[PDB]
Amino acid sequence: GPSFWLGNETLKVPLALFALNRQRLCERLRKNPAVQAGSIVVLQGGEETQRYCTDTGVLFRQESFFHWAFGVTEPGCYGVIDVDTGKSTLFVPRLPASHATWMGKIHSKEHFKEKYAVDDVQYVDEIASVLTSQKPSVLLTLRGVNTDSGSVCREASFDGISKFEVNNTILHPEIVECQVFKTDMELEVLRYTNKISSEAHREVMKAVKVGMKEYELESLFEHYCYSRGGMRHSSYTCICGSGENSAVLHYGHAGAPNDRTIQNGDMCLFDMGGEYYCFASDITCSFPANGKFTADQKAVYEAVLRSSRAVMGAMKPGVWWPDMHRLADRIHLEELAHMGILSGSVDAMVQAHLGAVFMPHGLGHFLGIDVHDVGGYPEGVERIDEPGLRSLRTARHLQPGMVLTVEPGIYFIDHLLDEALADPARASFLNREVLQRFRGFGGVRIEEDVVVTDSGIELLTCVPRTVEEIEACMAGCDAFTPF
């Protein structure tokens, strides 16, 4: 069967991947007692956009649910699936003659049928007529709430849809639940995105020099991923935090745009992940700008390495993800006590939520077509109302096929530290004279992507992690030399 491929050494992704997703979705809907025979899933693809009211085109990236089901890269499409038979129909825009001048070849419907291995291809302007002839009982459309953005996913619509019976409640929970469990074909793509992004992280560690701007490494990373990996997009805006900016969790956005000069003595926290054919990677490396950990940097770093490997060591089916978050909290507190930043009973520190002062984010999240993938909080799964834990993007138990990030960190964040020092229940644990030395340290995050297996996990990421590995990598003389 056909494959998506960007040539060179890039991954061939079989279009059978998306056919399998459609089949799995149908199989799940068929078991839902509320789904009527003769139902048809109706999805609307993303459309071309421009910047504001300008005619400056925005590079099109497909909507994630549509991509999961069809793998279609072109804007302006719809796709439907007959639930009972699994038959798929792709609807493509009927393009004007001038498209040939400005945009490229006007491909035939047969070209698209062969390209995407769907059962049928029609034009978008025929969708009402085509669906009518199929005499569906009900159209199943996609509407629901993303539990990370809080946004409502907008359901498909077309001229004439009002003439049909439409249900917009059944589909969203079902397709989300399919996306949560990755197929072997999807795992092959996530192995690849992690391979290329890991290589890119290594090249960045080799390239970093005191005096560079943070964004020079953002640029280098994205250049490696695109030129060598075929990754035209990143999975999220690159986070290239040096010095105190490494305490800012999502540093790098337009308001803080990776524009600091890296200085001797800084820690770097680089959270970057290329995207291939709308599949994510999400990796963070932490390391000294000058290639040599100081004693304080080694201590903080190895604390996070300890929680990282303890969590990965414990992860297996049936483990409750909030228990892993609490395990990381406890290890951080133990290590910060060993360092002298903390004193007293770690049990009591845990009871006072002191861990969240140092790690004010969730331990990790589902990953897939989106970096913060869907399905973390389905109906019946509640958010835990405690510092740190309330930022968890899922409170589920682990099962095979789930893909998770494992991303403990320790940060020295002034407003959180100051709050803790004002609270007698927490201040007694904090040694002010030692902590003072760590003001402006930034932080350390060690982020791996893993897959839950029957007996444990599979690690997808492959970057240097021990202090020795990191220092060796940064001192390496050799491979990637743009102009």
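Residue numbers here begin at 1 and follow the sequence given.
Just going by the entry, 347 to 355 versus 217 to 225 on mean CA temperature factor gives the higher value to 347 to 355. For the pair 77 to 85 and 407 to 415, the mean B factor over Cα atoms is greater in 77 to 85. Per the deposited record, 94 carries the highest C-alpha B-factor of all listed residues (232, 94, 325, 365). Among 29, 446, 59, 450, the highest C-alpha B-factor recorded in the PDB entry belongs to 29. Remark: residue 151 belongs to the middle third of its chain, ranked by C-alpha B-factor as recorded. In this PDB entry, residue 257 carries a Cα temperature factor that places it within the lowest third of its chain's modelled residues. Split the chain's modelled residues into thirds by C-alpha temperature factor. Residue 10 is in the lowest one. Placement of the Cα temperature factor of residue 264 within the chain: highest third of the modelled residues, per the deposited record. Ranked by Cα temperature factor within the chain, residue 36 sits in the highest third according to the deposited record.
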